[PDB]
file query08.csv (CSV, C-alpha atoms)
chain,number,residue,atom,x,y,z
A,1,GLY,CA,-8.4,22.8,17.1
A,2,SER,CA,-7.1,19.4,16.2
A,3,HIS,CA,-7.0,18.1,12.6
A,4,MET,CA,-10.1,16.1,11.7
A,5,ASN,CA,-8.1,14.1,9.3
A,6,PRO,CA,-4.5,12.8,9.6
A,7,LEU,CA,-1.9,14.7,7.5
A,8,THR,CA,-2.6,13.3,4.1
A,9,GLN,CA,-6.4,14.0,4.2
A,10,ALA,CA,-6.9,10.7,2.5
A,11,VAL,CA,-5.4,7.3,2.6
A,12,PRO,CA,-1.6,7.6,1.9
A,13,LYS,CA,-0.6,6.0,-1.3
A,14,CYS,CA,2.5,4.0,-1.2
A,15,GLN,CA,4.6,2.7,-4.1
A,16,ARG,CA,4.5,-0.8,-5.6
A,17,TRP,CA,7.4,-1.9,-3.4
A,18,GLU,CA,6.0,-0.2,-0.4
A,19,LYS,CA,3.2,-0.8,2.1
A,20,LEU,CA,1.4,1.6,4.4
A,21,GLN,CA,2.1,0.9,8.1
A,22,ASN,CA,2.6,3.1,11.1
A,23,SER,CA,1.2,6.0,9.0
A,24,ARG,CA,4.1,5.8,6.7
A,25,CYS,CA,5.1,4.0,3.6
A,26,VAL,CA,7.7,1.3,4.3
A,27,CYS,CA,9.0,-1.3,2.0
A,28,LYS,CA,7.5,-4.7,1.7
A,29,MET,CA,9.6,-7.8,1.9
A,30,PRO,CA,11.4,-9.2,-1.3
A,31,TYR,CA,10.2,-12.7,-0.5
A,32,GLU,CA,6.6,-11.3,-0.6
A,33,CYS,CA,7.0,-11.0,-4.3
A,34,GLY,CA,7.1,-13.3,-7.2
A,35,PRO,CA,4.6,-12.0,-9.9
A,36,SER,CA,6.8,-9.4,-11.5
A,37,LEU,CA,8.9,-8.9,-14.6
A,38,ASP,CA,12.2,-10.8,-14.7
A,39,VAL,CA,15.2,-8.6,-15.6
A,40,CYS,CA,19.0,-8.8,-15.6
A,41,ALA,CA,20.8,-6.8,-12.9
A,42,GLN,CA,24.3,-6.5,-11.8
A,43,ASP,CA,25.3,-7.0,-8.2
A,44,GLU,CA,27.5,-4.1,-7.0
A,45,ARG,CA,29.7,-6.3,-4.9
A,46,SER,CA,30.0,-9.4,-7.0
A,47,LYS,CA,29.6,-7.6,-10.4
A,48,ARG,CA,27.8,-10.7,-11.7
A,49,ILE,CA,24.8,-10.4,-13.8
A,50,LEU,CA,22.0,-12.1,-11.9
A,51,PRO,CA,18.4,-12.6,-12.8
A,52,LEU,CA,16.2,-10.4,-10.6
A,53,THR,CA,12.7,-9.5,-10.9
A,54,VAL,CA,11.1,-6.0,-10.7
A,55,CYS,CA,9.6,-6.3,-7.2
A,56,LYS,CA,12.8,-8.1,-5.9
A,57,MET,CA,15.0,-5.3,-7.3
A,58,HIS,CA,12.7,-2.5,-6.2
A,59,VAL,CA,12.1,-3.7,-2.6
A,60,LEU,CA,15.7,-4.7,-2.1
A,61,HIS,CA,16.7,-1.4,-3.6
A,62,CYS,CA,14.7,0.6,-1.1
A,63,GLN,CA,15.9,-1.7,1.6
A,64,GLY,CA,19.4,-0.3,0.9
A,65,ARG,CA,20.8,-2.7,-1.6
A,66,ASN,CA,22.5,-1.4,-4.7
A,67,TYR,CA,22.1,-3.0,-8.0
A,68,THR,CA,22.8,-1.8,-11.5
A,69,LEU,CA,20.6,-2.8,-14.3
A,70,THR,CA,22.0,-4.3,-17.4
A,71,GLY,CA,20.7,-5.5,-20.7
A,72,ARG,CA,18.1,-8.2,-21.3
A,73,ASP,CA,21.0,-10.2,-22.9
A,74,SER,CA,23.2,-10.0,-19.9
A,75,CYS,CA,21.5,-12.9,-18.1
A,76,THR,CA,19.2,-15.7,-18.7
A,77,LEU,CA,15.7,-15.3,-17.2
A,78,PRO,CA,13.3,-18.1,-16.2
A,79,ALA,CA,10.7,-16.2,-18.2
A,80,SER,CA,12.2,-14.3,-21.0
A,81,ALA,CA,9.6,-15.4,-23.5
A,82,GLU,CA,6.4,-17.4,-23.7
A,83,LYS,CA,5.7,-20.3,-21.2
A,84,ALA,CA,3.7,-23.5,-21.3
A,85,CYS,CA,0.9,-25.0,-19.2
A,86,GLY,CA,2.2,-26.0,-15.9
A,87,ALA,CA,4.1,-22.9,-15.3
A,88,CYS,CA,2.6,-19.6,-16.0
A,89,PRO,CA,3.1,-16.0,-14.6
A,90,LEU,CA,0.4,-13.4,-13.9
A,91,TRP,CA,0.1,-12.2,-17.6
A,92,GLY,CA,-0.1,-15.7,-18.8
A,93,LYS,CA,-2.3,-18.6,-17.8
A,94,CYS,CA,-3.1,-22.1,-19.1
A,95,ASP,CA,-6.1,-21.9,-21.4
A,96,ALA,CA,-9.1,-24.2,-21.7
A,97,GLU,CA,-7.6,-27.7,-21.9
A,98,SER,CA,-4.3,-27.6,-23.6
A,99,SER,CA,-0.6,-28.0,-23.0
A,100,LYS,CA,0.2,-24.4,-23.8
A,101,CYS,CA,0.1,-21.2,-21.8
A,102,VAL,CA,-1.8,-18.4,-23.3
A,103,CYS,CA,-0.8,-14.9,-22.7
A,104,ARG,CA,-3.5,-12.7,-21.5
A,105,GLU,CA,-4.0,-9.1,-22.5
A,106,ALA,CA,-3.7,-6.0,-20.4
A,107,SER,CA,-7.5,-6.1,-19.7
A,108,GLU,CA,-6.9,-9.2,-17.4
A,109,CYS,CA,-4.4,-7.5,-15.1
A,110,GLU,CA,-5.5,-8.8,-11.7
A,111,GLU,CA,-2.3,-9.2,-9.7
A,112,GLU,CA,-0.5,-6.0,-8.4
A,113,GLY,CA,1.9,-5.5,-11.2
A,114,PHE,CA,4.5,-2.8,-11.0
A,115,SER,CA,4.9,0.1,-13.3
A,116,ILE,CA,7.8,0.0,-15.7
A,117,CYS,CA,9.2,2.0,-18.5
A,118,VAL,CA,9.2,0.3,-21.8
A,119,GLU,CA,9.8,1.5,-25.2
A,120,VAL,CA,7.0,0.3,-27.4
A,121,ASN,CA,6.0,1.8,-30.7
A,122,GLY,CA,9.1,3.9,-30.7
A,123,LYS,CA,7.9,5.7,-27.6
A,124,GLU,CA,8.6,5.2,-24.0
A,125,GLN,CA,5.4,4.3,-22.3
A,126,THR,CA,4.9,3.5,-18.7
A,127,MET,CA,2.8,0.5,-18.5
A,128,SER,CA,1.9,-1.9,-15.9
A,129,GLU,CA,3.9,-5.1,-15.4
A,130,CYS,CA,1.0,-7.2,-16.3
A,131,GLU,CA,0.7,-5.3,-19.6
A,132,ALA,CA,4.3,-5.1,-20.6
A,133,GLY,CA,4.6,-8.7,-19.5
A,134,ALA,CA,1.6,-9.8,-21.5
A,135,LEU,CA,3.2,-8.1,-24.5
A,136,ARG,CA,6.5,-9.9,-24.0
A,137,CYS,CA,4.6,-13.1,-23.7
A,138,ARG,CA,2.3,-12.6,-26.7
A,139,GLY,CA,5.0,-11.4,-29.1
A,140,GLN,CA,4.6,-7.7,-29.0
A,141,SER,CA,8.0,-6.1,-29.7
A,142,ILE,CA,8.9,-4.3,-26.5
A,143,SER,CA,12.1,-2.8,-25.3
A,144,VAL,CA,12.3,-2.5,-21.5
A,145,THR,CA,14.4,0.5,-20.9
A,146,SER,CA,14.2,0.4,-17.1
A,147,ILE,CA,12.2,-1.1,-14.2
A,148,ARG,CA,11.2,2.4,-13.2
A,149,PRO,CA,8.3,4.3,-14.8
A,150,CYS,CA,8.7,6.5,-17.9
A,151,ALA,CA,8.1,10.2,-18.0
A,152,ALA,CA,5.1,9.4,-20.2
A,153,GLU,CA,2.9,10.2,-17.4
A,154,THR,CA,3.3,14.0,-17.0
A,155,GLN,CA,0.6,16.6,-17.1

call {"tool": "encode", "arguments": {"input": "query08.csv", "output": "structure tokens"}}
result
Amino acid sequence: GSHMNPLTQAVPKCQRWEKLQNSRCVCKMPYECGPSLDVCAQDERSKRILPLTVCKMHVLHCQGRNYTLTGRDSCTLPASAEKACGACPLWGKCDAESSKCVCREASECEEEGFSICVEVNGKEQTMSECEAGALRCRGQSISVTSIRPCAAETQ
């Protein structure tokens, strides 16, 4: 007989830079992103270090664009550190009447948030963008190794 359920047997899970359409996982659009971690990447044709952001890089990467990642000192990011009220990311918001921006913790991760590999505590832990970002905002010492996940998650 026919399959009662399409060939996945559940709803297909697509990656952070992907969206499920036409029964497949396709990439989203890079301009459909904003809330993501700002990183320094090198353009393969220009060889310039340009500020990219995790979703931008990921989506554009799966769209067939080639970019090499560089160090956090290679470029200057819009948000490389803490922000102030009037301009806050997804891991940071303006608090109850102030001029500052407070950095939230991982427990307030509401927006999508990618999964990245960051070396914290001397270990490479895959955490969510909202978490790693919160850390980078609050003052936790974090060393982003890559915008891809770590092999921390392996059972």

call {"tool": "residues_around", "arguments": {"input": "query08.csv", "residues": "residue 45 in chain A", "least_positions_apart": "6", "cutoff": "12 Å", "atoms": "only C-alpha atoms", "output": "ChimeraX atom specification"}}
result
/A:65-68

call {"tool": "closest_residue", "arguments": {"input": "query08.csv", "among": "A:39, A:94, A:84, A:134", "to": "residue 146 in chain A", "atoms": "only C-alpha atoms"}}
result
A:39

call {"tool": "residues_around", "arguments": {"input": "query08.csv", "residues": "residue 74 in chain A", "least_positions_apart": "4", "cutoff": "12 Å", "atoms": "all atoms listed in the file", "output": "JSON, numbers by chain"}}
result
{"A": [39, 40, 41, 42, 47, 48, 49, 50, 51, 52, 68, 69, 70, 80]}

call {"tool": "atom_distance", "arguments": {"input": "query08.csv", "atom1": "CA of residue 82 in chain A", "atom2": "CA of residue 124 in chain A"}}
result
22.7 Å

call {"tool": "closest_atom_pairs", "arguments": {"input": "query08.csv", "of": "range 82-132 of chain A", "to": "range 136-139 of chain A", "cutoff": "8 Å", "atoms": "all atoms listed in the file", "output": "tab-separated table"}}
result
residue	atom	partner	partner_atom	distance
A:82	CA	A:137	CA	4.7
A:83	CA	A:137	CA	7.7
A:91	CA	A:137	CA	7.6
A:92	CA	A:137	CA	7.3
A:102	CA	A:138	CA	7.9
A:103	CA	A:138	CA	5.6
A:104	CA	A:138	CA	7.8
A:132	CA	A:136	CA	6.3

call {"tool": "residues_around", "arguments": {"input": "query08.csv", "residues": "residue 116 in chain A", "least_positions_apart": "3", "cutoff": "9 Å", "atoms": "all atoms listed in the file", "output": "number ranges by chain"}}
result
A: 54, 125-129, 132, 144-150

call {"tool": "atom_distance", "arguments": {"input": "query08.csv", "atom1": "CA of residue 122 in chain A", "atom2": "CA of residue 153 in chain A"}}
result
16.0 Å

call {"tool": "atom_distance", "arguments": {"input": "query08.csv", "atom1": "CA of residue 32 in chain A", "atom2": "CA of residue 93 in chain A"}}
result
20.7 Å

call {"tool": "decode", "arguments": {"input": "query08.csv", "residues": "range 19-120 of chain A", "atoms": "C-alpha atoms", "output": "compact mmCIF listing (two decimals), in the first residue's frame"}}
result
# COMPACT_ATOMS: atom_id res chain seq x y z
CA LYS A 19 13.33 26.43 6.05
CA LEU A 20 11.02 23.59 5.14
CA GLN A 21 9.22 24.12 1.85
CA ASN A 22 8.25 21.76 -0.98
CA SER A 23 8.94 18.84 1.43
CA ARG A 24 12.62 19.77 1.53
CA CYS A 25 14.90 21.99 3.50
CA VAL A 26 15.96 24.98 1.52
CA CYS A 27 17.88 27.97 2.67
CA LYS A 28 16.18 31.05 3.96
CA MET A 29 17.11 34.47 2.69
CA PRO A 30 20.10 36.39 4.23
CA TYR A 31 18.00 39.53 4.47
CA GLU A 32 15.54 37.62 6.58
CA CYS A 33 18.08 37.69 9.32
CA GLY A 34 19.45 40.17 11.71
CA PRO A 35 19.39 38.66 15.22
CA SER A 36 22.58 36.62 15.12
CA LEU A 37 26.19 36.85 16.34
CA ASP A 38 28.43 39.31 14.54
CA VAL A 39 31.66 37.77 13.35
CA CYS A 40 34.59 38.59 11.06
CA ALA A 41 34.78 36.78 7.78
CA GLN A 42 37.00 37.04 4.79
CA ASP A 43 35.51 37.36 1.33
CA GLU A 44 37.03 34.84 -1.05
CA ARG A 45 37.12 37.18 -4.02
CA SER A 46 37.99 40.46 -2.38
CA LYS A 47 40.03 38.93 0.50
CA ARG A 48 38.82 41.71 2.73
CA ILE A 49 37.71 41.06 6.23
CA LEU A 50 34.14 42.07 6.48
CA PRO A 51 31.71 41.96 9.34
CA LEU A 52 29.20 39.25 8.84
CA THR A 53 26.77 37.80 11.12
CA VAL A 54 26.07 34.06 11.81
CA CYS A 55 22.82 33.79 9.86
CA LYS A 56 24.15 35.97 7.03
CA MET A 57 27.24 33.80 6.68
CA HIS A 58 25.31 30.53 7.07
CA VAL A 59 22.55 31.31 4.62
CA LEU A 60 24.84 32.90 2.12
CA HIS A 61 27.21 29.92 2.56
CA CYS A 62 24.49 27.42 1.70
CA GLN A 63 23.37 29.67 -1.17
CA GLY A 64 26.79 28.96 -2.67
CA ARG A 65 28.89 31.80 -1.40
CA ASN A 66 32.33 31.06 -0.07
CA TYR A 67 33.67 32.84 2.95
CA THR A 68 36.47 32.08 5.22
CA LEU A 69 36.26 32.88 8.88
CA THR A 70 38.84 34.92 10.53
CA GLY A 71 39.61 36.12 14.00
CA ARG A 72 37.48 38.36 16.16
CA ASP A 73 40.21 41.00 15.82
CA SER A 74 40.19 40.91 12.03
CA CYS A 75 37.28 43.31 11.71
CA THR A 76 35.25 45.67 13.78
CA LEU A 77 31.76 44.57 14.65
CA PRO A 78 28.69 46.71 15.38
CA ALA A 79 28.22 44.60 18.46
CA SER A 80 31.45 43.26 19.71
CA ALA A 81 30.73 44.08 23.30
CA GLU A 82 27.92 45.47 25.42
CA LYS A 83 25.37 47.92 24.04
CA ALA A 84 23.20 50.70 25.46
CA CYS A 85 19.50 51.49 25.53
CA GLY A 86 18.31 52.49 22.14
CA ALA A 87 20.11 49.72 20.32
CA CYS A 88 19.97 46.22 21.70
CA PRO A 89 20.26 42.70 20.11
CA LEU A 90 18.23 39.59 21.05
CA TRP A 91 20.39 38.74 24.09
CA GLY A 92 20.29 42.24 25.38
CA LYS A 93 17.44 44.58 26.04
CA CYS A 94 16.87 47.90 27.65
CA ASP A 95 15.95 47.44 31.33
CA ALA A 96 13.30 49.10 33.48
CA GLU A 97 13.93 52.81 32.86
CA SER A 98 17.59 53.49 32.23
CA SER A 99 19.99 54.51 29.49
CA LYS A 100 21.80 51.19 29.52
CA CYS A 101 21.19 47.89 27.88
CA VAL A 102 21.10 44.90 30.08
CA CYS A 103 22.23 41.59 28.90
CA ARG A 104 19.82 38.85 29.49
CA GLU A 105 20.74 35.33 30.35
CA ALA A 106 20.26 32.12 28.39
CA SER A 107 16.94 31.54 30.09
CA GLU A 108 15.43 34.45 28.08
CA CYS A 109 16.29 33.10 24.66
CA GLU A 110 13.18 33.87 22.66
CA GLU A 111 14.42 34.67 19.16
CA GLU A 112 15.63 31.78 16.88
CA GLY A 113 19.31 31.89 17.68
CA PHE A 114 21.79 29.76 15.84
CA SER A 115 24.00 27.12 17.30
CA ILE A 116 27.67 27.93 17.44
CA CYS A 117 30.84 26.50 18.81
CA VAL A 118 32.39 28.47 21.54
CA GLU A 119 35.20 27.63 23.86
CA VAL A 120 34.09 28.50 27.30
